[PDB]
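Structure first, then comments.
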Amino acid sequence: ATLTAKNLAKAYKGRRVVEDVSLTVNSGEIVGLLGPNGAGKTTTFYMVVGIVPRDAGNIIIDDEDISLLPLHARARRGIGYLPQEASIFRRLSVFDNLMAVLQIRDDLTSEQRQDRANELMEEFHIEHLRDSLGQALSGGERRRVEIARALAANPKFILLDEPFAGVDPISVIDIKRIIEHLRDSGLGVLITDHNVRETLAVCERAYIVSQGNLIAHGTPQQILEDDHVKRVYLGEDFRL
Amino acid sequence: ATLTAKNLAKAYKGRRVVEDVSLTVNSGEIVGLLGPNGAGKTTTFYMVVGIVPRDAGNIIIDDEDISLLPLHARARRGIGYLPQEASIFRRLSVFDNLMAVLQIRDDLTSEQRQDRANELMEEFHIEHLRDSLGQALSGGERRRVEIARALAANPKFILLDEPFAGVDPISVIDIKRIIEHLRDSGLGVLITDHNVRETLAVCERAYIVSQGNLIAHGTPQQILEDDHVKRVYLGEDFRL
Amino acid sequence: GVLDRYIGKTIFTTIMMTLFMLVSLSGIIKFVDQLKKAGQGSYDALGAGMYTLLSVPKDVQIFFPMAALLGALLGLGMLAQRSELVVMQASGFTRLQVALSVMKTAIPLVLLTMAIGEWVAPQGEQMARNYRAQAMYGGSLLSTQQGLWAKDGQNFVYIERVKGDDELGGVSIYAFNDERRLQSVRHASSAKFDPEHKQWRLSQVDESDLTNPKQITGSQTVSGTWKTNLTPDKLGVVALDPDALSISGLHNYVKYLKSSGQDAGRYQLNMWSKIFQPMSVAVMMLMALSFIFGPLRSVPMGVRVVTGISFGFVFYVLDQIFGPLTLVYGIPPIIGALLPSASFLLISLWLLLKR
Amino acid sequence: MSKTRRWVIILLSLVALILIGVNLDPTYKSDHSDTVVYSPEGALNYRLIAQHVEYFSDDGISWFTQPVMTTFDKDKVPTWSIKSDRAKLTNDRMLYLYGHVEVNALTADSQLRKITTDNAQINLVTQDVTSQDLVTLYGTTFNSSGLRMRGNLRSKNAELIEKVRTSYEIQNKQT
Amino acid sequence: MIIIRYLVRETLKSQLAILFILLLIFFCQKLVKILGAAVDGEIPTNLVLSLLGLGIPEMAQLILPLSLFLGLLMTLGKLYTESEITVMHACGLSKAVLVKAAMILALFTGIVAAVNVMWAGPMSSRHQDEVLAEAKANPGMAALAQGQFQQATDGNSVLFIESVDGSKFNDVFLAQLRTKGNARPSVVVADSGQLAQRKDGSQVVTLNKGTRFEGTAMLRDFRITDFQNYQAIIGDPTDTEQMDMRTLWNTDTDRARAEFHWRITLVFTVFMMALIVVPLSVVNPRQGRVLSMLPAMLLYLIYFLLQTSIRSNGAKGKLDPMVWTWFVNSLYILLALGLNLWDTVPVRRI
Ligand SMILES: [Cl-]
């Protein structure tokens, strides 16, 4: 219900990339984690995901310290991680994807698994392609399958790593409908991205890292008005 | 002066990618080549550059049959190409970069090369990075070095491939500066990118391709008003 | 499970493809080498082909651990490279469950290779050798037409020709006593073996006693019996003797050598290595696992395949070296036959602790 | 650079593989030898004791250093002793004797007690004793010096051919 | 002049690292060979170090062309993936500069391989011959003597041994396999046996206090010899072609002609391989590096296999090494020009 990073820090061979980055996301809200290229947005994002260990800081979900837990452990504690790369199981049916994700969850019986799987397939309009392997899907279809698979592990917070990775303007509205649907479905989505316009257009809040030591959290109108990010991150006057 | 690709076509192992793309560009203007993913924009771009061997189509510059000659020979007949990744030489100085490209053309003497190197470095604010190896530059610095090195070969047209590649707006306004300066220098720049907002904001004549077919041509104000482009690629809610 | 089933399916397909490729390379090489000697007898290209096909089980048995390491590396590489092991972790499927999926799919492989090394590889190689000797000289019994010797305790025998498997010709028995000085020479023309009495029957024999100098009393009889510890099985082995035979037959022949009085360390070593071979297969898969989950985390395909091929090569080298190196100090042959597997397991487990 | 290359790698690997597949003073010294030559029906023929023996397998020839041959009868009784400095044994059971060839009569029943020569040939199968140089036959009552000798040990006989002179001890041997 | 220096400096760094790795590999191979031949009883730890360090020109022979070849593959691949060569071509520079820099590096490695072949090879071979001929008794006497029951077509004889106390036998039994016109196989049996080889080149087997039993076919005639000291002849890294270029030029024998052409072709291989590798160094994101180098590595392997086969066959009188050696080189030069010109203006039109 409440994911929170506190004093996140990381260094690489005597070089400081991030130190004291603390962002917070709650259910039913979209939180962007933005910043200039090299500022440390993706480092702290990954350090919340659990693939990048912390040198200093804390990651908490509902009064549970997940700071030392790897990616599998933290994924069990309701942290779904959706990367930008093609993360579908190739040479497996979409149903096998869901079932592979379900058989690890000890919270359902042999039949409730299949029930939830069919519910997800009807939910994401991917009912057409049920037997097609992962090697034969298109763009949007594979994206929806990957979001369903990532939901099938029952995540309290979905961490999107660069979801706007080279998408035509005709499909960004579809991805925004999906992220609004996930927000309206009582999920906390943590979006890190390089595209600033479309990310700030859908994020209710946004933390703007810069040099990995400071942020400016606020609404899109409160972020656009701040002169610090207007200069270091934005430049002159921006046109949304 | 003028670059023309008439009736250009191509296909890959039984799938048609380009079907009669006829592209014309003049000097002193900015022409963009945009389209949806998998249309054939980048394919015809590379086919005009010379990396991809053509299958059917003519390419000419000032009534010169330029279709069959290699990439180096297209460059010697006045064509510059800027790839998307870092093309700067890493283990050479910026001055060595400029000098190594200058010393290829036989229409300059040993002293005119030094003069052109120093003039370029002054033109792009690189005088303070003369002996610095190329592997230790920033983004804007490396971009400037690479474009000055491309100008050292004296090209008639410049073809940019993905100039706005993961660039925050504080550096997008610098690439805009750079393009505007290259247009005002009497050169014809051909943009191929996905950042359509800043592209059309800077480009003055836009071409759109779909399924290997040119859709519509004209100014961005006329392109954004065309209902077919709005229904095929962008959408009805796109602006600058 | 399902992830267990999917990992298993991919790793098994990739190990089988790798093993087919290694077997086809060694086969083309052995085929050209065998055709090189296809001038004598009615040995044609078809016959050389047949000798390679019948020898394929020996090649798969030899290239099994290398193909296991390479295929596991390429399988889990395609899984990692396509960012799927990360998804498995992103869904809660832990790395230990992935390691377990691999180990679970490692069981059919060891069963397959044991079955082959027991009934398919030795039978196939023996049939190939016999077919080659039959197409060239009219039988493997006629291939050993040069008179050979054998040892039974303090006695030696010389056989001039072999007429099948139960009938021998031209036998000479030099029986020495406990001091090498007391000798008797018993010659014979034909031998028969009956398992009912479990002894040999010689016909048209003559003995010579040499206890008394200046005498040489020679006795001639028509029917005699020879009670020795060798069997037509042991005759086939001593004819063939390439140390590539059934583990059961290898155990019987070791029991024959320890009874007759020879250094059976070579056969013991090859027996222990032939039964440790499926453990080496499993060690190789585990070392591939450790590579992917350890040093070779994010390396491209080329790095993985060249590190795989070099490690398989140094495993073959370790085996070929520590084979005879057992006789430097006369250490147990089982210890030497286990050293390649043990060392590669130790490397693999060292990479899974990382400290 | 995917399509035709598949056949190119195929052909190149094939050629490499077929190329890998195609590319893949005596003889017998001894010393102090005690040989015992027996008859074909057992029994015993003689015994040869040498101090050093070389044998060439290329030519099949033996050389015996300081040979001593003791020949017996059919009843295994030492009849003759034959010392020499060297012996040449060929492949036809003919033994040559070079240097200090001295044949003593072990059994006192012989009429011929001693023979002395430098070169001798002996046929071992037939126990024949020939010599083409100067020989001397010592008897119990006489000694004869001849230019050639012929005889047989099995028959216990020997005679001299070309230039023969004979001496006796006080009177002559009765004959 | 600047880009050519760049290409030379980068390919040299790569070639130096590849040479170091190749040295380690070939050192391991030679160590294996030396330690194998040493426990057989031929050299101790004092000769192991010398021989390991001394056979390095034979390693260089094969690795210098290989180090240049793999270095050029690796470095041109690295500059292809990093978009540097592409922007050279986008600035009008063609494959001429690349093949220039290649041939310069080929010159350097060729001078080193030529110096190696002319002087460093024969000197080290002569020193090795003298060292190996110096201590020969201690080798032979170090015979492991572990052939316990070993009989095959190695002179057509059988040898059995009961126990071995280190370079010594117990209850030794030798037997023949030759019938030789219906006769008994020669049988000898003793109590102490020592094996000593490499005295003159042939294998010698010495026994003490033995008995030799021979005879005819089941007749009672026997030859029973009581021998005291028995010596027989029941049957490695020595160098033969350790001559200078002048003597090889003047010898004109089979061995010398083969060796001479081998040395020249080995110094030529540097330039030939560096000329072929330039248009075969592009890597594809689909295949990667090791798979994109694969046909070029196969050419290199096929070339060396042919050359080694030609040498081995010519020095035995099967072929004329000159004809076949330079026919192969001709074909490889034609292939080089073929795939070096096909991507140019004249051959594109062709
Ligand atoms: Cl289930």
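Listed in order, the protein sequences are those of chains A, B, C, D and E. Start counting the first sequence at 174; every next residue gets the next number (our numbering). Start counting the second sequence at 174; every next residue gets the next number (our numbering). Start counting the third sequence at 414; every next residue gets the next number (our numbering). Start counting the fourth sequence at 1137; every next residue gets the next number (our numbering). Start counting the fifth sequence at 26; every next residue gets the next number (our numbering). Idealized CB from N, CA, C, for every residue including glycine.
query                                                                                                                                                                                           : result
Should C:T630 be labelled buried (16 or more other beta-carbon atoms within 10 Å of its own) or exposed?                                                                                        : exposed
When you compare the CB of B:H367 with every CB in chain A, is at least one pair closer than 8 angstroms?                                                                                       : yes
What is the rounded straight-line gap between the Cα of E:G191 and the Cα of E:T263?                                                                                                            : 26 angstroms
Helix, strand or coil for A:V362? Go by DSSP, reduced to three states.                                                                                                                          : strand
How would you list, in chain order, the residues of chain C whose beta-carbon sits under 9 angstroms from the beta-carbon of A:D269?                                                            : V415, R418, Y419
Should C:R418 be counted as a contact of ligand 1 given a C-beta to heavy atom distance under 7 angstroms?                                                                                      : no
For residue 165 of chain A, count neighbouring C-beta atoms within 10 Å of its own C-beta (all shown protein chains included) and say buried if the count is 16 or more, exposed if not.        : Only positions 174 to 413 of chain A appear in this structure, which leaves residue 165 of chain A out of reach.
From C:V598 to E:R209, what distance separates their C-alpha atoms?                                                                                                                             : 11 angstroms
Ordered along the chain, which non-local residues of its own chain (more than five positions away) have a Cβ less than 7 angstroms from that of E:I59?                                          : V73, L76, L77
List, in chain order, every chain B residue whose beta-carbon is nearer than 7 angstroms to that of A:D341.                                                                                     : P209, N210, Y406
Should C:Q681 be flagged as near chain E, meaning a C-beta pair shorter than 8 angstroms?                                                                                                       : no
Heavy atom of ligand 1 less than 7 angstroms from the Cβ of A:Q276, yes or no?                                                                                                                  : yes
Can you give the Cα-Cα distance for C:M429 and B:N210, rounded to whole angstroms?                                                                                                              : 38 angstroms
Let me check understanding here. Comparing Cα to Cα, which of C:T739, C:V499, C:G462 lies closest to residue 852 of chain C?                                                                    : In this structure chain C extends from 414 to 768, so residue 852 of chain C is not present and cannot be described.
Ligand 1 and A:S283: does the residue's C-beta get closer than 7 angstroms to at least one heavy atom of that ligand?                                                                           : yes
Give every residue of the same chain whose Cβ lies closer than 6 angstroms to the Cβ of E:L359, excluding the five residues on either side of it in the sequence, and list them in chain order. : none
Quick one: does D:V1158 have its CB under 8 angstroms from some CB of chain C?                                                                                                                  : yes
Find out if the Cβ-Cβ distance for the pair residue 426 of chain A, A:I331 is shorter than 8 angstroms.                                                                                         : This structure does not reach residue 426 of chain A, given that chain A is present from 174 up to 413, and the question cannot be answered.
Ignore the nearest five residues each way along the sequence and tell me which others in E:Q267's own chain have a CB closer than 7 angstroms to its CB.                                        : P147, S150, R151, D154
Does C:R768 come out as helix, strand or coil in the three-state DSSP assignment?                                                                                                               : coil
What residues are listed by DSSP as bridge partners for D:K1219?                                                                                                                                : D:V1204, D:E1238
At least one CB of chain E closer than 8 angstroms to the CB of B:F218: is that the case?                                                                                                       : no
State whether the stretch 1140–1154 of chain D contacts the stretch 710–726 of chain C, with contact taken as three or more CB pairs (one from each stretch) at a distance under 8 angstroms.   : no
Under 7 angstroms: does the beta carbon of A:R286 sit that close to some heavy atom of ligand 1?                                                                                                : yes
How is B:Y380 classed by DSSP in three states: helix, strand or coil?                                                                                                                           : strand
Provide the residue(s) that pair with C:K687 in DSSP beta bridges, ordered along the chain.                                                                                                     : DSSP, once it has assigned bridges, lists no residue as partnering C:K687.
Compute the Euclidean distance between the alpha carbons of C:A546 and C:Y464, then round it to the nearest angstrom.                                                                           : 11 angstroms
Does at least one heavy atom of ligand 3 sit under 7 angstroms from the Cβ of C:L524?                                                                                                           : This structure simply doesn't include ligand 3; it includes ligand 1 instead.
When you compare each of C:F606, C:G551, C:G505 to C:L643 by their alpha carbons, which one comes out closest?                                                                                  : C:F606
For residue 11 of chain E and E:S92, what's the separation of their Cα atoms in angstroms?                                                                                                      : Residue 11 of chain E is absent from the structure shown; chain E starts at 26 and stops at 375.
Quick check: the stretch 40–59 of chain E against the stretch 1295–1307 of chain D, are at least 3 beta-carbon pairs closer than 8 angstroms?                                                   : no
Under 6 angstroms Cβ to Cβ from D:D1209, same chain only, skipping five residues before and after it: list those, please.                                                                       : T1215
Do we get a CB-CB distance below 8 angstroms when we pair A:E258 with the residues of chain C?                                                                                                  : yes
Write down every uninterrupted run of the beta strand (DSSP E) in the stretch 232–281 of chain E whose length is 3 residues or greater and which is fully enclosed by it, in chain order.       : 247–257
Can you name, in chain order, every residue of its own chain whose Cβ lies under 7 angstroms from the Cβ of C:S673, other than the five neighbours on each side?                                : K564, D565, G566, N642
Taking 8 angstroms as the CB-CB limit, is A:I346 close to chain B?                                                                                                                              : yes
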